[PDB]
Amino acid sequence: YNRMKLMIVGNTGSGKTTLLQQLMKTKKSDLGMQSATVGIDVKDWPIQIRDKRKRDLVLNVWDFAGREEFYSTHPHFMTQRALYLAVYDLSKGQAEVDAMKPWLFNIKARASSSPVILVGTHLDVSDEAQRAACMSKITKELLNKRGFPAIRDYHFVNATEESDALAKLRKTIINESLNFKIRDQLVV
């Protein structure tokens, strides 16, 4: 309701769900502490409707646990306190870094104060030419750009297993989450 959100964005199949699964992985990973029920469940309900016409209608259903969860979707909270993971497939080449640009424009517009951590997944199945092209494109075309979010860090990981690289990303998500929350309290 009040606490900070982590927004994981990128194109479908980039490895967002896989990455989160590994980031949360311990003994107590996904299901742990507090609620006996999911706070917000979002599912499509396709209905072969018949009111006047015989058309097809899909409703995007938001199932809220209670007041705290509904309050958390206030336009203020969605747009404000949020650290963004911008995720892309390293193995599909530097064209995927170009594909992050429209995402960064969309994040800046939606959440003007929100920092971004760039995560390149599929490190294990990328060649060093792809990694070199992606690295150079990030440093020259994405980092410290007026109209883009502040990119606090950028990582290249295999999102399917625990590694030193993933453990560092996890540490960075923690540190950048704590920092952002109370960071830049005033403006001169």
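Counting begins at 1, following the sequence as shown.
> Of the two stretches 74 to 82 and 104 to 112, which shows the higher Cα B-factor on average in the entry?
For C-alpha atoms only, the mean B-factor is higher in 74 to 82.
> Is the mean CA B factor in the deposited entry higher across 46 to 54 or across 135 to 143?
In the deposited entry, the stretch with the higher C-alpha B-factor mean is 46 to 54.
> Within this chain, which third does the Cα B-factor at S126 fall in: lowest, middle or highest?
Middle third - that is where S126 ends up once the chain's C-alpha B-factors are sorted.
> Using the B-factors in the PDB entry, rank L23's C-alpha atom against the chain and give the third, lowest, middle or highest.
Middle third - that is where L23 ends up once the chain's C-alpha B-factors are sorted.
> Select lowest, middle or highest to describe the third in which the CA B-factor of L178 falls within its chain in this entry.
As the PDB entry reports it, the C-alpha B-factor of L178 lands in the highest third of its chain.
> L169: which third of its chain by C-alpha temperature factor?
Tercile = middle for this residue's CA B-factor.
> Check where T160 lands among this chain's C-alpha B-factors and tell me if it's the lowest, middle or highest third.
Tercile = middle for this residue's CA B-factor.
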